[PDB]
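Coming up are structure 1 and structure 2: the same protein chain in two forms, each one given alone as structure tokens.
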Structure 1
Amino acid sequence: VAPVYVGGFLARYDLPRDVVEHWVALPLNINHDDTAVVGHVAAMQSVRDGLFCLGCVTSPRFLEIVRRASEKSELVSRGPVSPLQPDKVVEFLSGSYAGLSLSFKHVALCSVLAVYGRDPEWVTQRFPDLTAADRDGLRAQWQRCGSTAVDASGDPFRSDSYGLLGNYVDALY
């Protein structure tokens, strides 16, 4: 299935730049729920405004659940969508998990900042601050994924629609 990319800062500097260090892939899960692994971190770049992260949501099971929940919400602009507008799944994710939360152990899409898209370039271009050199640092990293073994043992997602509901309620609670 086609992945969804996500980007955003895991921390602004205004963790210290030197600490985060100014210059193996962490999995991506839902609200720090290990049973809800949906992808992996593709890149991390320390920039002027902070620590920027970019990940890939690859789980076919998680993505299918999102697609179905999206077809049933007022968060998505219904009616056919034109090729010039972000798709339904992208828009729903932007509404359900608007943030990124670091633990590095892993990164969690947080439901309670994060930009979602079908292309890392487009995603990165959604953040004005990031300079070409920044984008280039991010690109060199995620381009490695094309010849990196991920999801080889299969879909990393170990939950279902029922679990995501519980997970959502738990986080909000």
Structure 2
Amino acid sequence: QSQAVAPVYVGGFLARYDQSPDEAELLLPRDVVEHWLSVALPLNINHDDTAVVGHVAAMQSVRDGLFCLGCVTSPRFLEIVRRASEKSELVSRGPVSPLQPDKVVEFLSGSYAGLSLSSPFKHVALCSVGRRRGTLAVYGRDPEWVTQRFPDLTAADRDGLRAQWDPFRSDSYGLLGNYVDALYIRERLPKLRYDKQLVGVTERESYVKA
């Protein structure tokens, strides 16, 4: 069991420039960011400030939007997620060809398949889809394994990050309650099955379930 309640790294885009944000406010041009960039802005479930599970390791805008890495730590949340994946036929099926099963990672990769910003910079959030477009969450045990999952990324902005990287007041009832709300986010797969094409990431080489 011990190789499950160990940190989980999640990485991805919080904004996508070359993507006209069809929605309101969410619009977010590089223009602010650099300027916009101390505190310990945390990582929570769909924003609930009583469901935090770690920190936003580090951020750093690059040629194609804003990118960040988190680090799920909540020795309680991870503990729920584990026994959760205990009974999830998606989890029991496993990852692809060469990748190795990681129950705790696969679950998080599937229930919260995307990141969502909120802002200096309030916080980052794991959710079932992203407000913006192309903010697919990529989970992993190793942060760099994660980083190289996104074709775009050069070496620099990668080593930019590499020169950077139990707050859980919730429960199975919290998680049970957020899931119903997500089961109705209209055609969640598209917005999702779109984001993995937007940044390259695919099921052939990552845990992304989308």
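By rigid core we mean the largest C-alpha set that fits within 1.5 Å across both forms. Here, a residue number simply tells you its place in the sequence of structure 1, counted from 1. Shifts are known only where both forms have a C-alpha.
Positional change of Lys72 between structure 1 and structure 2 stays under 2 Å at the C-alpha, relative to the superposed core. Core-superposed comparison between structure 1 and structure 2: the C-alpha position of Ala98 differs by less than 2 Å. Shown is the Cα shift of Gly166 between structure 1 and structure 2 after rigid core superposition, which amounts to 1.3 Å. Note on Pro86: its Cα is shifted 4.4 Å between structure 1 and structure 2, core used for superposition. Listed in sequence order, the runs of 3 or more residues present in both forms whose C-alphas shift by at least 2 angstroms between structure 1 and structure 2, with the core superposed, are 21-23, 77-84, 167-173.
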